[PDB]
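# Fold and geometry: a report
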Amino acid sequence: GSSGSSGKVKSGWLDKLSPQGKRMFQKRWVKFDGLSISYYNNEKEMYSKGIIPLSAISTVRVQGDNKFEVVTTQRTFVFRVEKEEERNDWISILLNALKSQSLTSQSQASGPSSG
């Protein structure tokens, strides 16, 4: 165990679910540093806030096609990607940053392989 490969961050156009009726989707810029998820609105805004703390993230799972649902102590959020590799990537990135903050946590899948 004690794995750790490159790729602890990720940033790209993501469709956030603002409304509560799957009536539409709003695209917003997202970026991960390693502590929290900072995602701002596509358009330039002022006096606005929108950051999800890694601690809030209780669990992560996949949804629909090329989509996933991120549960947060506050309110579950749904993020959609444009590529398959991304969908899986994002999740992994989070799960990886979740195990660091929480030892002996719920394991998803281990891949012991070097080169």
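Look a little higher up for the structure.
Throughout what follows, the structure given in this document is the object of discussion. (Residues numbered from 1 in each chain as written, not as in the entry; some residues may be left out. Heavy atoms only, no water.)

This part takes up the side chain of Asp 15. Structurally, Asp 15 can be placed in strand β1 (residues 10-16). A polar contact is formed between the side chain of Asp 15 and the backbone nitrogen of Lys 27, at a distance of 3.2 Å. Only 3.3 Å separates the side chain of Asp 15 from the side chain of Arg 80, close enough to count as a polar contact. Apart from the residues within four sequence positions on either side, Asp 15 is in contact with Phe 25, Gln 26, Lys 27, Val 78, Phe 79 and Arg 80. (Helix = DSSP H or I, 4+ residues; strand = E, 2+ residues; numbered from the N terminus. Polar contact = N/O pair within 3.5 Å; in protein donor to acceptor, adjacent residues only side chain to side chain. Contact = heavy atoms within 4.5 Å.)

This part takes up the pattern of salt bridges. Counted according to the given criterion, the structure contains three salt bridges. Between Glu 86 and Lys 10 there is a salt bridge, and its shortest N-O distance comes to 3.9 Å. Taken together, the residues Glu 86 in helix α1 (residues 84-101) and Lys 10 in strand β1 connect sequence positions 76 residues apart. The exposure class assigned to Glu 86 is buried, which follows from its relative accessible area of 17%. (Salt bridge = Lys/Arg side-chain N within 4 Å of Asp/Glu carboxyl O. Buried < 20%, exposed > 50% of the residue type's maximum accessible area, 1.4 Å probe, protein only.)

Backbone hydrogen bonds hold the strands of a sheet together, and the pairing may be parallel or antiparallel. Read from one edge of the open sheet, seven strands run β4-β3-β2-β1-β7-β6-β5, paired in antiparallel fashion. The sheet terminates laterally at β4 (51-53) and β5 (57-63), the two strands that pair on one side only. Strand-to-strand twist of the sheet, defined as the mean angle between neighbouring strand axes without regard to direction, takes the value 30 degrees. Of the pairings in the sheet, the one linking strand β2 (residues 26-32) to strand β3 (residues 36-41) comprises five bridges and is antiparallel in character. Its bridge partner being in β3, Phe 32 is matched across the sheet by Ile 37. Relative to β5, α1 is tilted by about 160 degrees, and along the sheet it contacts β1, β2, β3, β5 and β6 (67-72). (Pairing = 2+ DSSP bridges. Axes fitted to C-alpha atoms, helices over the stretch in contact; angles between N-to-C directions.)

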